[PDB]
Amino acid sequence: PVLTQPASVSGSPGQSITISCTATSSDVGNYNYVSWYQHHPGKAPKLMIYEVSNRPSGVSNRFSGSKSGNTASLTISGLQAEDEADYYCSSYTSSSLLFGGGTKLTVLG
Amino acid sequence: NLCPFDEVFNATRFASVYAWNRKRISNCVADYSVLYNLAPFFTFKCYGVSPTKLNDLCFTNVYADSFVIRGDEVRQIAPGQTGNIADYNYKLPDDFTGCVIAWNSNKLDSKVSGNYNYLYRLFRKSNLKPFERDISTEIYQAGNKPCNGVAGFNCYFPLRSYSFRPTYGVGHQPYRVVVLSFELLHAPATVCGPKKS
Amino acid sequence: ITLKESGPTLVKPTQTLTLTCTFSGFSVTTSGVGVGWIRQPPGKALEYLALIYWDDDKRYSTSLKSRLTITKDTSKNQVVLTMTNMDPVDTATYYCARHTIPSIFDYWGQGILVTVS
Ligand SMILES: *[C@@H]1O[C@H](CO)[C@@H](O)[C@H](O)[C@H]1NC(C)=O
């Protein structure tokens, strides 16, 4: 019951990148409540995407997501120098809720 | 004097199916326009009356019966149906006239490790008659011996929990059901739609 | 919508940890709304600890259930988490956040760093 993420994602400014979060089991059931957080050092984690593809208000349209199979993906278009953060995925399990390993995003320049 | 459907459909708490809640609606103007935006509106079906012509008729006695069940049990709330809910928790008459409204309420009723506050009846001696309510929690005897309250063999506690969770697929998710029964006949009417004189 | 976290920053081994969360801008006494706690040990992923609902239902992480206790006080908008038998390895930044179904947590507080020594 471990959510798996890539340790690090890289890319050039202006292009699009994908951060994945893949389930390792079926304990997640419908796996239809996947949440993504943006964590900046020294700051509280911010909710970017919820319920797989929905955005909170106050969130740029550069952030979107979707599912295929039992894997969720966060897409960041127009990569900006201000997007450098640790991204986390979260979902539900049979008796609890879990967070992913965490992906470190680095922006070139 | 608008009719207070708000207290029926937008309530903060719903009753369990074994003890469904009823309240009388009267002396109001009832527009059915307002309750089409509660949800995707998964189910809405009427018996004896078209859903489109409700804002044209006037009724004598209107009652709203509310409760929470599983999605795949919604099909049992109809005339002529049988299974479990229809027989032991909430029975409709064969000549029922009224409308059944239901929607997916997973986002309100489910909990991380299961919501156990919703009960239904599993065991009973006989089937219910239309619109009866069985509240008793007395222990059911399934054998030839008086267990006298002891939940041993051939002896059961009548009620069980639904245990609703976010991870369940559709059909095991909670649905909120409201049944509006009508009485449309020659008697003096009290609840009319929004028309001018 | 704000949540603030207060309590001891320094704890010693075998002692008991206590943290108190103050919230405002909303009430917790509503359907589908609770308050939970998350911790993040240095260089590691976020770990779920405990969650309390509007009706006083209580949930805990499956590995820490025997150590965590959570209570609430709706008269002064407080949520209190305690954790017994603190170990030196239990050093982390703790967070208080609002809990809902469609979005697991939101409106996270700034967090409080607690060191065990
Ligand atoms: C319930 O509240 C929502 C949101 O304000 C509203 O759109 C809906 O019409 C209300 N339901 C009824 C029956 O008024």
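Count begins at 1; order follows the chain as displayed.
Just so it is clear, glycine is given a Cβ too, placed from its N, Cα and C backbone atoms.
What Swiss-Prot says about this protein:
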- B:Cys3-B:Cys28: disulfide bond (DISULFID)
- B:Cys46-B:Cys99: disulfide bond (DISULFID)
- B:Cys58-B:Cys192: disulfide bond (DISULFID)
- B:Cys147-B:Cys155: disulfide bond (DISULFID)
- B:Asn10: N-linked glycosylation site (CARBOHYD)
- B:115-123: region 'Immunodominant HLA epitope recognized by the CD8+' (REGION)
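Feature annotations (Swiss-Prot) mapped to structure.
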{"residue": "B:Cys3", "record": "disulfide bond", "DSSP (3 states)": "coil"}
{"residue": "B:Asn10", "record": "N-linked glycosylation site", "DSSP (3 states)": "coil"}
{"residue": "B:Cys28", "record": "disulfide bond", "DSSP (3 states)": "coil"}
{"residue": "B:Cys46", "record": "disulfide bond", "DSSP (3 states)": "strand"}
{"residue": "B:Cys58", "record": "disulfide bond", "DSSP (3 states)": "strand"}
{"residue": "B:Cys99", "record": "disulfide bond", "DSSP (3 states)": "strand"}
{"residue": "B:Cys147", "record": "disulfide bond", "DSSP (3 states)": "coil"}
{"residue": "B:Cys155", "record": "disulfide bond", "DSSP (3 states)": "strand"}
{"residue": "B:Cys192", "record": "disulfide bond", "DSSP (3 states)": "strand"}
Ask   = Which of B:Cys58, B:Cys99 has the fewest nearby Cβ atoms, counting only those within 10 Å, among these disulfide-bonded residues?
value = B:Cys58
Request  = For B:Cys28 (disulfide bond), just count the other CB atoms lying within 10 A of its CB, please.
outcome  = 15
Ask   = What number of additional C-beta atoms lies within 10 angstroms of the C-beta atom of B:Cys155 (disulfide bond)?
value = 18
Request  = Name, in order along the sequence, the recorded positions among B:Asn10, B:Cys99, B:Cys192 with a Cβ closer than 8 Å to any chain C Cβ.
outcome  = none
Request  = From the recorded positions listed here (B:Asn10, B:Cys28, B:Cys58, B:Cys99), select those whose CB sits under 6 A from an atom of ligand 1.
outcome  = B:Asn10
Query = What's the CA to CA span in angstrom from B:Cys28 (disulfide bond) over to B:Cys155 (disulfide bond)?
reply = 49
Key: Separation of alpha carbons, B:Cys147 (disulfide bond) and B:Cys99 (disulfide bond) (Å)   = 43
Task = Work out, from DSSP, the number of helix, strand and coil residues along the region 'Immunodominant HLA epitope recognized by the CD8+' (B:115-123).
result = 0 helix, 4 strand, 5 coil
Message = For a quick check of understanding: among the disulfide-bonded residues B:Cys3, B:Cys46, B:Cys147, B:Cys192, which residue's Cβ has the most other Cβ atoms within 10 Å?
response = B:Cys3
Key: Cα distance (Å, whole number) from B:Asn10 (N-linked glycosylation site) to B:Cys192 (disulfide bond)   = 22
Message = Taking each of B:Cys3, B:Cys28, B:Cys58, B:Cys192 in turn, which of these disulfide-bonded residues have a Cβ less than 8 Å away from a Cβ in chain A?
response = none
Inquiry  = Roughly how many Å lie between the Cα atoms of the residue listed as 'N-linked glycosylation site' and B:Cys3 (disulfide bond), rounded to a whole value?
reply    = 14
Message = I'd like to confirm something. Which of the disulfide-bonded residues, B:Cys3, B:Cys46, B:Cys147, B:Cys155, has a Cα closest to the Cα of B:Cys58 (disulfide bond)?
response = B:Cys3
Inquiry  = Tell me the Cα distance separating B:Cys46 (disulfide bond) from B:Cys3 (disulfide bond), rounded to the nearest angstrom.
reply    = 20
